[PDB]
J.: 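Have a look at this one before I ask anything.
Order of the sequence lines sets the chain letters (A, B, ...), proteins ahead of strands, with each chain counted from 1.
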Amino acid sequence: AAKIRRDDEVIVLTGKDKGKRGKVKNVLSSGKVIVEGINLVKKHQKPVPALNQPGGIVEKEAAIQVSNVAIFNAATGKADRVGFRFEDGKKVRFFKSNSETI
Amino acid sequence: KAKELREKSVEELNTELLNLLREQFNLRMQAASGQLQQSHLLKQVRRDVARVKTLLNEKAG
Amino acid sequence: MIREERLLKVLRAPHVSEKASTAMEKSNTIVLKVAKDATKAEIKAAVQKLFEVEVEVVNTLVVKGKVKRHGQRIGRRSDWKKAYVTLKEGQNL
Amino acid sequence: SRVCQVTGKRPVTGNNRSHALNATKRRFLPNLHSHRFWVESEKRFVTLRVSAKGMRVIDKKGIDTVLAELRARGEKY
Amino acid sequence: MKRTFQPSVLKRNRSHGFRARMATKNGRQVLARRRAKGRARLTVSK
RNA sequence: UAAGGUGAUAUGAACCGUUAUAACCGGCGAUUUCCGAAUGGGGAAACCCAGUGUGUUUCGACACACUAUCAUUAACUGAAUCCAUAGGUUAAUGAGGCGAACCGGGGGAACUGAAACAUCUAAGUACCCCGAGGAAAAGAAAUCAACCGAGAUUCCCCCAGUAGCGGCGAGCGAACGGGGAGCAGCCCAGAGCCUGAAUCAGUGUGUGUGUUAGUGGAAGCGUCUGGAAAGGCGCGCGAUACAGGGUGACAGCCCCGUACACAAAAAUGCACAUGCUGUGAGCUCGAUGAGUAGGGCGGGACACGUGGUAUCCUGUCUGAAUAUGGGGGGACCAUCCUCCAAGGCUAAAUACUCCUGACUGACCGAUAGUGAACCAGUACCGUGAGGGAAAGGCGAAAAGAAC
RNA sequence: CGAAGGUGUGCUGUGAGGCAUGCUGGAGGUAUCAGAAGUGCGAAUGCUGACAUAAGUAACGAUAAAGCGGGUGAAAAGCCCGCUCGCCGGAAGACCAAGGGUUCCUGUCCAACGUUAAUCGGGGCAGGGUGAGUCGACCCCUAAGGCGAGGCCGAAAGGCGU
Ligand SMILES: [Mg+2]
Ligand SMILES: [Mg+2]
Ligand SMILES: [Mg+2]
Ligand SMILES: [Mg+2]
Ligand SMILES: [Mg+2]
Ligand SMILES: [Mg+2]
Ligand SMILES: [Mg+2]
Ligand SMILES: [Mg+2]
Ligand SMILES: [Mg+2]
Ligand SMILES: [Mg+2]
Ligand SMILES: [Mg+2]
Ligand SMILES: [Mg+2]
Ligand SMILES: [Mg+2]
Ligand SMILES: [Mg+2]
Ligand SMILES: [Mg+2]
Ligand SMILES: [Mg+2]
Ligand SMILES: [Mg+2]
Ligand SMILES: [Mg+2]
Ligand SMILES: [Mg+2]
Ligand SMILES: [Mg+2]
Ligand SMILES: [Mg+2]
Ligand SMILES: [Mg+2]
Ligand SMILES: [Mg+2]
Ligand SMILES: [Mg+2]
Ligand SMILES: [Mg+2]
Ligand SMILES: [Mg+2]
Ligand SMILES: [Mg+2]
Ligand SMILES: [Mg+2]
Ligand SMILES: [Mg+2]
Ligand SMILES: [Mg+2]
Ligand SMILES: [Mg+2]
Ligand SMILES: [Mg+2]
Ligand SMILES: [Mg+2]
Ligand SMILES: [Mg+2]
Ligand SMILES: [Mg+2]
Ligand SMILES: [Mg+2]
Ligand SMILES: [Mg+2]
Ligand SMILES: [Mg+2]
Ligand SMILES: [Mg+2]
Ligand SMILES: [Mg+2]
Ligand SMILES: [Mg+2]
Ligand SMILES: [Mg+2]
Ligand SMILES: [Mg+2]
Ligand SMILES: [Mg+2]
Ligand SMILES: [Mg+2]
Ligand SMILES: [Mg+2]
Ligand SMILES: [Mg+2]
Ligand SMILES: [Mg+2]
Ligand SMILES: [Mg+2]
Ligand SMILES: [Mg+2]
Ligand SMILES: [Mg+2]
Ligand SMILES: [Mg+2]
Ligand SMILES: [Mg+2]
Ligand SMILES: [Mg+2]
Ligand SMILES: [Mg+2]
Ligand SMILES: [Mg+2]
Ligand SMILES: [Mg+2]
Ligand SMILES: [Mg+2]
Ligand SMILES: [Mg+2]
Ligand SMILES: [Mg+2]
Ligand SMILES: [Mg+2]
Ligand SMILES: [Mg+2]
């Protein structure tokens, strides 16, 4: 079971933008995550008529190590960790600092 | 869609096989003449023929 | 006679070309790309049926796959069979 | 292959020895002869390639005894 | 000047071909060695 | 088991899925072209050509099945030749081929050493050949010992480089006895008492106990330097978990794990319980392995090179006694002691690693370590057997440089 | 707040050596006292890789031979078109078997390959191209020779052969 999932809301632990928050956009098999407006890069982009018409520079999100983000509680307003238990037949996830299901 | 055809008669899906096969052919041609933008289709019929011929295979046996 | 399942396999595509175009609009011949093991008789049958035309004769030949490179790799395309299928008199398709 | 059908005696190996005791390899062959043996108790002759020693076995045991031993081992005659 | 290799496909096959090898206890040991080594092509037999 | 998926270089395109028929993991099934023992005949491997059925047809054709050889058994049939016999046909059953080492057997070198070389050595080694099993082989004394006794076979440590053998040279080299590992004994050569009674064995049954997917799995913050903190400084917490790995520099508490505790719809391993199916236990009296033991001649094996040479095997020619008997105790004789050959079977201690899992190293770190860290038995060389390389590192992230 | 490694400078011991520090490098290093070695290289006509020398030297593969005008092109002695000149003509022409296997045709490119340049190519890349009752194979039949059911023979493997 994966502790953090698509459409979770997380706080960055590590790197150029430590401390700031965002939504999970999609989750890579390398064990990385795209997080909306977090690990922004400036890709130089060549022109090509059929797909991505113009040249130009781009900002886009770069994958970030999933170990470097934490489910964000929004009750303490702080990072947290995730356990696993059964709420009546179905495995669920709970914060540990404040043992409520998510 | 295995259960949807597990029950139907030997002859019933013996006729199902042939019009699957016919569609496969028609796809093949339109694909070959750049008149198929839905590539995924011809993969699906292939897997349908597969699971017909299996169902034939258990009943007959 | 040939079972139809077989017939649905033996035709694989139409084959375009300068030569195929011309053959069509000169000696009323359609140029197909067919199953490697399909006899002339099976082709004639399969066309007559699956396109509802009438076939005078089919000719066949075997095309050899060209050898290629893909960056210091040696490759080889597959051999494939090419049918010239002359229809009867006045059909078109 | 030079094998006695009665006893089993086949060729064996060993050494020539000179006065100076030089040794060269050699074979000792059996004393085989093809021989028609009369079997009273089925009114015919049977031919076995057999060694002089195997003939002394046939004299003693009697051909009927010996051809039972041959059938056991499944060696044809 | 005439050289030592004068090719002939028929002779290549009757001599060094797959079935030639398979016809003798010694030839079968050649293919057994070549499989054991890992060779990609046992015999000459295109 | 799950919120993500459609194997890699390798994007992209079309789609599939998000509370369960998406993908993925394991159990049991299905499908499985052609060549290859190759097996219908042939053949220059991956191809050429058939015969017989049974079914189907649009009368052009079609689909499927079967058809090798040998061995054994059965039926049917059957020459010279009267009965027969050889032969012929059909069926059933089995075999064939491959594979790393270990094991038993059929053959069996030379270089070399002897400071030359022939006896001797190297060596019953290399190599070729046949057969086998998870191990094989060996095995319940015609064995030793010394007048006291021991008690099947196998393996280890000693005895001992001793006693001997030896162109007495070079070299070869025991045993008796002792200490251990492991331990087990039975059956036929035959008739009555007499049974489904010993328990080896086959097939179902439950129950345990493994195996093949899996589930849960503790506890950290601030602040300095820095591109980035896991590092420094400060103050806390977990520990049956500080094995290990990953994360933008070195993390018990970020992630994956680890200690520990849980799990199987289905298949299967081993052990008890066990019906049943073949199976024979016990007791009495008898019997007890002949071209064999021994011998002559030629060789071989014994540590033992024919020697004063016992013992073993036999190519060749011979040939007993048979329990009032026979073999051995290292020429041979006598006395004494010990055993019972010429019929079988037997577990454990012992040998090995093609392969599967786990874990380990005062082993290597790209001229090293496998020939091969990389699409390597490849490229290349050779008619062929066969020979046989070179070649690892952008960055934390492609942000791989728009204009 | 900069490890190993590289490259300088300074100091220091009788020697193999040691210590300090600038620059480069960007994550490892190991006091002391013990322990173990794949423990020290200039030579082996040593082994592998790299780079010199001769030297911008020999040579550019038949002494059948070229000259000019136009074209295209960044560039033309060599490519395309034209005119002339030359050479082979029982071949230096044409068609085949064997052997090779896409070298064939069109488009496109000039890095490497072509003993020079190259717009050209048997070179790179992509696309096209091989149509049979009568031609050949396959097929029927045999030669030398090969395999060979039973068979005969041989320690095994095998050898002969109906
Ligand atoms: Mg025609
Ligand atoms: Mg043709
Ligand atoms: Mg000798
Ligand atoms: Mg399911
Ligand atoms: Mg066949
Ligand atoms: Mg065959
Ligand atoms: Mg034939
Ligand atoms: Mg018979
Ligand atoms: Mg076998
Ligand atoms: Mg052996
Ligand atoms: Mg010698
Ligand atoms: Mg010598
Ligand atoms: Mg010497
Ligand atoms: Mg041996
Ligand atoms: Mg055993
Ligand atoms: Mg035994
Ligand atoms: Mg006593
Ligand atoms: Mg878990
Ligand atoms: Mg945990
Ligand atoms: Mg800072
Ligand atoms: Mg810190
Ligand atoms: Mg770093
Ligand atoms: Mg006895
Ligand atoms: Mg004797
Ligand atoms: Mg004697
Ligand atoms: Mg003797
Ligand atoms: Mg002596
Ligand atoms: Mg004696
Ligand atoms: Mg004796
Ligand atoms: Mg004595
Ligand atoms: Mg004996
Ligand atoms: Mg083991
Ligand atoms: Mg292993
Ligand atoms: Mg290196
Ligand atoms: Mg290497
Ligand atoms: Mg070659
Ligand atoms: Mg620096
Ligand atoms: Mg170091
Ligand atoms: Mg140290
Ligand atoms: Mg030291
Ligand atoms: Mg050294
Ligand atoms: Mg050096
Ligand atoms: Mg020196
Ligand atoms: Mg020199
Ligand atoms: Mg000069
Ligand atoms: Mg000069
Ligand atoms: Mg010159
Ligand atoms: Mg010149
Ligand atoms: Mg020239
Ligand atoms: Mg010009
Ligand atoms: Mg010129
Ligand atoms: Mg050709
Ligand atoms: Mg090419
Ligand atoms: Mg050309
Ligand atoms: Mg071109
Ligand atoms: Mg240029
Ligand atoms: Mg050039
Ligand atoms: Mg070309
Ligand atoms: Mg002949
Ligand atoms: Mg034979
Ligand atoms: Mg012979
Ligand atoms: Mg023959």
J.: Is the base of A323(F) stacked on the base of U324(F), in that the six-ring centres lie under 5.5 Å apart and the planes are under 30° off?
T.: no

J.: When you measure only distances, ignoring hydrogens and angles, does the side chain of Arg73(C) come within 3.5 Å of the base of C375(F) through a donor and an acceptor?
T.: yes

J.: Would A189(F) be called syn or anti, given that syn covers angles within 90° of 0?
T.: syn

J.: Can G70(G) be described as syn, meaning its chi torsion is within 90° of 0, or is it anti?
T.: anti

J.: Looking at the base of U102(G), is there any donor atom on it, or on the side chain of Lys64(C), that sits under 3.5 Å from an acceptor on the other one?
T.: no

J.: According to a 3.5 Å cut-off on both distances, are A228(F) and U33(F) Watson-Crick or G-U wobble paired?
T.: no

J.: So what does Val12(D) touch, heavy atoms closer than 4.0 Å: a base, only the sugar-phosphate, or nothing?
T.: sugar-phosphate

J.: Below 3.5 Å between N/O atoms, which protein atoms pair up with nucleotides 378-384 of chain F? Just atom names and distances, please.
T.:
{"residue": "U378(F)", "atom": "OP1", "partner": "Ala40(E)", "partner atom": "N", "Å": "2.7"}
{"residue": "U378(F)", "atom": "OP2", "partner": "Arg39(E)", "partner atom": "NH1", "Å": "3.3"}
{"residue": "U383(F)", "atom": "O3'", "partner": "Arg12(E)", "partner atom": "NH2", "Å": "2.7"}
{"residue": "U383(F)", "atom": "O2'", "partner": "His16(E)", "partner atom": "NE2", "Å": "2.8"}
{"residue": "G384(F)", "atom": "OP1", "partner": "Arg12(E)", "partner atom": "NH2", "Å": "3.3"}
{"residue": "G384(F)", "atom": "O3'", "partner": "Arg21(E)", "partner atom": "NH2", "Å": "3.0"}
{"residue": "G384(F)", "atom": "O2'", "partner": "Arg21(E)", "partner atom": "NH2", "Å": "3.4"}

J.: Hey, does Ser17(C) reach any base, or is it just sugar-phosphate, or nothing, if we go heavy atoms under 4.0 Å?
T.: sugar-phosphate

J.: Nearest-nucleotide wise, let me know which of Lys68(C) and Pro7(E) is further upstream toward the 5' end of RNA chain G.
T.: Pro7(E)

J.: Please state whether the base of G127(G) and the side chain of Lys19(C) form at least one donor-acceptor pair under 3.5 Å?
T.: no

J.: So which protein nitrogen or oxygen atoms get under 3.5 Å of nucleotides 246-256 of chain F's nitrogens or oxygens?
T.:
{"residue": "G246(F)", "atom": "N2", "partner": "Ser67(A)", "partner atom": "OG", "Å": "3.0"}
{"residue": "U247(F)", "atom": "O2'", "partner": "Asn68(A)", "partner atom": "OD1", "Å": "2.8"}
{"residue": "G248(F)", "atom": "OP1", "partner": "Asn68(A)", "partner atom": "ND2", "Å": "3.4"}
{"residue": "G248(F)", "atom": "OP2", "partner": "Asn68(A)", "partner atom": "ND2", "Å": "3.3"}
{"residue": "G248(F)", "atom": "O6", "partner": "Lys16(A)", "partner atom": "N", "Å": "2.6"}
{"residue": "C254(F)", "atom": "OP2", "partner": "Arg81(A)", "partner atom": "NH1", "Å": "3.4"}
{"residue": "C254(F)", "atom": "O2'", "partner": "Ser67(A)", "partner atom": "O", "Å": "2.7"}
{"residue": "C254(F)", "atom": "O2", "partner": "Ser67(A)", "partner atom": "OG", "Å": "2.4"}
{"residue": "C256(F)", "atom": "OP2", "partner": "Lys3(A)", "partner atom": "NZ", "Å": "2.9"}

J.: If the glycosidic angle sits within 90 degrees of zero it is syn, else anti. Tell me which applies to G134(F).
T.: anti

